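Since the structure comes first, as structure tokens, the remarks are kept for the end.
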Amino acid sequence: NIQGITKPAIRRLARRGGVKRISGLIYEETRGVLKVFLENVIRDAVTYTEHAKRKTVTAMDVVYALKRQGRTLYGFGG
Amino acid sequence: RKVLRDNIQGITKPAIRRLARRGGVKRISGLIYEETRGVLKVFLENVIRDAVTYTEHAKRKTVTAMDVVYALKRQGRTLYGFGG
Amino acid sequence: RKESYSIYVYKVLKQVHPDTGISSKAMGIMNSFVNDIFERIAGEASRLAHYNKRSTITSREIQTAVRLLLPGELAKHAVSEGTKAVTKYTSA
Amino acid sequence: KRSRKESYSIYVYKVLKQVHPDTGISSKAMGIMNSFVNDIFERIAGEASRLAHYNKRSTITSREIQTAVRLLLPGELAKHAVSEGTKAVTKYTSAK
Amino acid sequence: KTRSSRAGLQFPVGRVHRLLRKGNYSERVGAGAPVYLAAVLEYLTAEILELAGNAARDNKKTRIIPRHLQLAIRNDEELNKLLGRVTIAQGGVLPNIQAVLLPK
Amino acid sequence: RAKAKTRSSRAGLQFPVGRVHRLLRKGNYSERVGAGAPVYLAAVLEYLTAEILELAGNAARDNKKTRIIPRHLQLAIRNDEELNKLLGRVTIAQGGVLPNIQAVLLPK
Amino acid sequence: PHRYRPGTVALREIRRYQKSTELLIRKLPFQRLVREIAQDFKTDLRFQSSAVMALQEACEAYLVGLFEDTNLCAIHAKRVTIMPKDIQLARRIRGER
Amino acid sequence: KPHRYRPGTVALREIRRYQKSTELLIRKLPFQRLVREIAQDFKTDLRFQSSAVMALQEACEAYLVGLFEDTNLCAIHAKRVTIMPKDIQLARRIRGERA
DNA sequence: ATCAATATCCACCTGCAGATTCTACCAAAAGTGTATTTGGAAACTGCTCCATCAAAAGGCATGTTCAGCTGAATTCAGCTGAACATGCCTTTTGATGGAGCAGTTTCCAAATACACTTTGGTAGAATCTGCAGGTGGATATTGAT
DNA sequence: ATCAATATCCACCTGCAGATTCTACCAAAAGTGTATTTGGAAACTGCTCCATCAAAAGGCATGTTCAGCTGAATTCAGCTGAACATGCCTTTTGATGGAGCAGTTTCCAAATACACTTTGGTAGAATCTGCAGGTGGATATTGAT
């Protein structure tokens, strides 16, 4: 499914980032990184869910999890 | 006592040179030295501001090892070997 | 229930800009911001109480915690508003 | 007229004997080990406290400590640490 | 009258006090603390709502949306340092193109 | 009362389950502290201390010294992916760095 | 016929996306990726729509920041083209690797 | 002959040699002085437990050595062997210290 | 395809500073018996949350074409590493004077802990700000005297 | 630099839809008024631990030469990555429901906090004994013919 993050979606992210010319390898590389990121966050999100004896990962879990990772997020759980 | 002025020049060219060695640096530009001192200064300032804030809050006039530690911890530079 | 600082964020909005309004998502962001800061300041004040072996958190701790977390000018002005509101509260 | 100063020196020295009985440990390095034990303690207990909090319980149990260890400790260290944890908990509970 | 009014604020000194006892920050909470704190929170909310409201003005909208809060925060050295490790959801980035990339 | 053995021994550890429990009540981590908590925690702390003292003792052995000094703890921690990730933002005072020279810098 | 010289639609796009705030990754593909990754950790998991939202937001913000740091690296090496060499430097320095 | 090592070699000799030790690389007094001066401009008439000065020196050297590592990586990335201010600035821009 | 020139080890030595272990308070667990909460354990609701179903519509996938950007190859001025001499200034050793912690007790100024007795959270409902086009406006861009 | 030919955003207005914002009700808090404990302020005084000095030594820092080689600057061209029109499909999105599932209440059995009243772990002292400087030669490792 990580192939679903398409070439032009990564391309756009790169634009908004200030990137003018994008190597061909980047795309694959990017996905690599994106995956690690998600994994990490989701491991933590899910750990929170498990500890709450719930089967639904909630917005707040994701938030707490992202906060642990040093990536605080404003707009959801708080 | 005595006036303290231009002490950051006491961090010498070879001391900065050594730090650069232990860091994996083989060839060192000439400008580096000045630049380095710039950075070093900001660093210390930040840490000491916080160290001192802790001292003040404790109504003490002695900055202690533990203050420096707490202060460094705030800065995200935890340190092992002193206050704990 | 589900508490919130929406009411007060909206009050302060009226004060500074009475001509202006605020979307659901941005009020969300403001709650996040108020809770974030709250935890930072209270945490730091708690560590402060702790290092000094007192069991109580006073306006003093809150203050030096603000000194520690807030950058320069924001810190000055915030300490300002703080001690001001403390005295105006104390003078009943 | 004494002024105390606790420490984990005793126990770090015990565990040293266990693993390497041939080996000793300098003042500075015992210092580093106390810093390390206190650092970790604060991380695990902090995280367990946040945990108790999000879930509106007022008590921290071996359960919180556990999932806190899962959150702070990287992979293998986490596995082995949970291992020793629950082991010592049961051996304690069986009044063992 | 609310402790909030006795101190001349909008933020609930009533609530912040509870939030501090119930938070496990320490055993007891002096009665000045919730006030000094609600004071600082109110100030910060003010400063940023101010800057964001201006950002809304310049964008020709009467209502504040995240993009405005992001503009407000990144365009302000001190606020930005403060929330330097925080991401506003729906905020985008500040238009900025490195010089070297602009046509000859 | 009968003869009281430490909670530390009743759980089969060296770390003071007695102390850790206090340190948890007195630390304002929460209102009450279950009695399994200080044990699970003193257990994890003891494990970590073991793992690292182990790897450091080996570093001492290879350096031909019988006694552990900080340089050894640093070698032990940085040379160990998982311990290093764990204390990745921590600096051991008196530790030095791991000998490491980027390839490109070595004579032709 | 007409046809902009290579590099110009680039800058057009930079200027244009920096200016907006819409999520740049099609939503469904992402939701999918998320459920798959979650799967490999705990099974039979449900997701509040907003949890998925939070993840997508955090990710895009992450990656954009990354690309900024990468660009800085590309430029530092006297180039205009970001390469994997670059991302790897950026993360090596950040602390992530 | 006379004898004289070709430029770059005493470099590597020194790298290999300092990476191998742990002694503080900044003469101690100069540093103590710098510290007292910087502290001065924040609060006046301040005393310093010798160990507070020690903690600072340790944290600083550790800091700077780490910096130089990251810098070197930058120099190399730009196809050079010489670290320049351009480099330190990149390293910190990325770390977050000056974004 | 060497060996002078040294620095780098590496093993052997040996006295001292630093550890390891001993000897005795006292600060602090631990054992016991009680007084509550707190954390579950079932049994039931409103809810989100996952499933389709079924199209259109963008958005993504493709193969062509080629403009320009990265890499390489060479110059070469010149910056910085290297070696030596020169004496500065940091290190070390103690030696105090005393500012300032920190112990220890008395004593207020304050916050907990009730027992009860309006704010702020929810959930509808009437405007209304922005969304979304739709053009025509210099605008920027790129080909061509 | 100008002339001219496409697309390019880009304001001015103009109509609605999904949201604000405004109001009506109310439990769930916030507020009060006491009545105490008890945390932490003050004022002694013990006494570490700091700033400061003398002082003598020799390790390093410092300044100048000398040219080795690195960085920076040009010039060149292979191919890679942008650009675009042509085709195809996978995302929206939009309700429509079914249920798997978080959220609540009411009991209790579980489990911790308390409330004063036997060593374990901390603080000097007491001996030991790794290991920091000293060397002297075995091994390099470098760099000149």
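The table below lists the values:
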read-out	value
From F:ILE77, F:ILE69, residue being within 14 Å of chain B (Cβ to nearest Cβ) and either within 11 Å of DNA strand I (Cβ to nearest atom) or touching an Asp or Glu at 6+ places or on another chain (Cβ under 7 Å) (or both)	F:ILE69
Lone qualifier among G:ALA10, G:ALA38 - being near DNA strand J (Cβ under 10 Å from one of its atoms), of a type in the set (A, V, I, L, M), in a helix (DSSP H, G or I) and under 24 Å from A:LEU34 (Cα atoms)	G:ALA10
Residue count, region F:21-54 (criterion: within 11 Å of DNA strand I (Cβ to nearest atom) and either in contact with a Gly (Cβ under 7 Å, 6 or more places away or on another chain) or polar (S, T, N, Q) (or both))	1
Criterion: of a type in the set (A, V, I, L, M, F, W, C) and out of contact with any strand residue (DSSP E or B) (no Cβ under 9 Å at 6 or more places or on another chain) - qualifying residue of D:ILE44, D:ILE60, D:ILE32	D:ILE44
Any pair with Cβ under 6 angstrom, 6 or more apart, that starts in region D:16-41 at a residue that is more than 10 Å from chain B (Cβ to nearest Cβ) and ends at one that is charged (D, E, K, R) and assigned to a helix (DSSP H, G or I)	D:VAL19/F:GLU54
Members of region E:21-37 that are within 11 Å of DNA strand J (Cβ to nearest atom), at the interface with chain C (Cβ under 8 Å from one of its Cβ atoms) and surrounded by 22 or more Cβ atoms within 10 Å (Cβ to Cβ)	E:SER26, E:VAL29, E:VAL35
Residues that are surrounded by 14 or more Cβ atoms within 10 Å (Cβ to Cβ), in a helix (DSSP H, G or I) and either near DNA strand I (Cβ under 6 Å from one of its atoms) or within 19 Å of the chain's Cα centre (by Cα) (or both), drawn from region F:1-20	F:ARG7, F:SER8, F:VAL17, F:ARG19, F:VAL20
Residue tally, condition facing chain B (nearest Cβ under 10 Å), assigned to a helix (DSSP H, G or I) and either under 21 Å from H:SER21 (Cβ atoms) or touching a residue at least 60 places away in the same chain (Cβ under 8 Å) (or both), over region F:83-106	1
Some residue of region G:49-68 being out of contact with any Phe, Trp or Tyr (no Cβ under 9 Å at 6 or more places or on another chain) and surrounded by fewer than 17 Cβ atoms within 10 Å (Cβ to Cβ)	yes
F:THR91, sole failed condition from (1) over 18 Å from the mean Cα position of the chain (by Cα); (2) on the phi < 0 side of the Ramachandran plot	(1)
Which listed residue, of D:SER58, D:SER27, D:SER94, D:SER35, is closer than 30 Å to F:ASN58 by Cα, hydroxyl-bearing (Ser, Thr, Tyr) and surrounded by fewer than 16 Cβ atoms within 10 Å (Cβ to Cβ)	D:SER27
Residue identified as over 30 Å from C:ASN52 (Cα atoms), of a type in the set (A, V, I, L, M, F, W, C) and surrounded by 16 or more Cβ atoms within 10 Å (Cβ to Cβ) among B:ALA51, B:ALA71, B:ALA20	B:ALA20
Any pair with Cβ under 6 angstrom, 6 or more apart, that starts in region H:2-13 at a residue that is away from chain B (no Cβ under 13 Å) and ends at one that is in a loop (DSSP other than H, G, I, E, B) and charged (D, E, K, R)	none
Of residues in region H:14-42 being over 19 Å from F:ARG71 (Cα atoms) and near DNA strand I (Cβ under 6 Å from one of its atoms), the one nearest to the other protein chains (Cβ to nearest Cβ)	H:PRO30
Index of the failed condition, F:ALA60 passing every other in (1) among the aliphatic types (A, V, I, L, M); (2) within 23 Å of D:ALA78 (Cα to Cα); (3) in a helix (DSSP H, G or I); (4) within 10 Å of DNA strand J (Cβ to nearest atom)	(2)
Of all residues in region F:3-17 being near DNA strand J (Cβ under 7 Å from one of its atoms) and under 24 Å from D:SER49 (Cα atoms), the one that is nearest to the other protein chains (Cβ to nearest Cβ)	F:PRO16
Residue among D:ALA78, D:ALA88 that alone is touching a helix residue (DSSP H, G or I) at 6+ places or on another chain (Cβ under 7 Å), closer than 20 Å to A:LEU66 by Cα and without any contact (Cβ under 8 Å) to a residue 40 or more places away in the chain	D:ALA78
Extreme residue, farthest from the other protein chains (Cβ to nearest Cβ), among residues of region H:83-92 that are more than 13 Å from G:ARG92 (Cβ to Cβ) and in contact with a helix residue (DSSP H, G or I) (Cβ under 6 Å, 6 or more places away or on another chain)	H:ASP87
Residue in region C:2-15 that is farthest from the other protein chains (Cβ to nearest Cβ), counting only those that are part of a helix (DSSP H, G or I) and either under 18 Å from A:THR72 (Cβ atoms) or of a type in the set (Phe, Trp, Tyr) (or both)	C:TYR10
Failed item, numbered, when D:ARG63 is tested on (1) within 11 Å of DNA strand I (Cβ to nearest atom); (2) within 7 Å of chain F (Cβ to nearest Cβ)	(2)
Among the residues listed as B:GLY23, B:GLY76, B:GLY83, the single one being on the phi < 0 side of the Ramachandran plot, in a loop (DSSP other than H, G, I, E, B) and within 7 Å of another protein chain (Cβ to nearest Cβ)	B:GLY23
One residue from A:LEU13, A:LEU73, A:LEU25 being more than 13 Å from DNA strand I (Cβ to nearest atom) and not polar (S, T, N, Q)	A:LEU73
Members of region B:1-17 found to be within 7 Å of chain H (Cβ to nearest Cβ) and either buried (at least 21 other Cβ atoms within 10 Å of the Cβ) or not in a loop (DSSP other than H, G, I, E, B) (or both), listed by number	B:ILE11, B:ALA15
Subset of region A:49-73 that is outside any loop (DSSP other than H, G, I, E, B) and within 13 Å of chain E (Cβ to nearest Cβ) - its residue that is farthest from G:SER49 (Cα to Cα)	A:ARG68
Any chance B:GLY30 is surrounded by fewer than 19 Cβ atoms within 10 Å (Cβ to Cβ), on the phi < 0 side of the Ramachandran plot and away from DNA strand J (no atom under 12 Å from the Cβ)	no
Residue within region H:66-76 that is part of a helix (DSSP H, G or I), more than 18 Å from F:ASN100 (Cβ to Cβ) and more than 8 Å from chain B (Cβ to nearest Cβ) present	no
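A quick note on method: Cβ atoms are made from the backbone with ideal geometry, for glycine too, and the neighbour counts reach across all protein chains shown. The numbers here are math on the coordinates, done by the rules we state, and not lab data.
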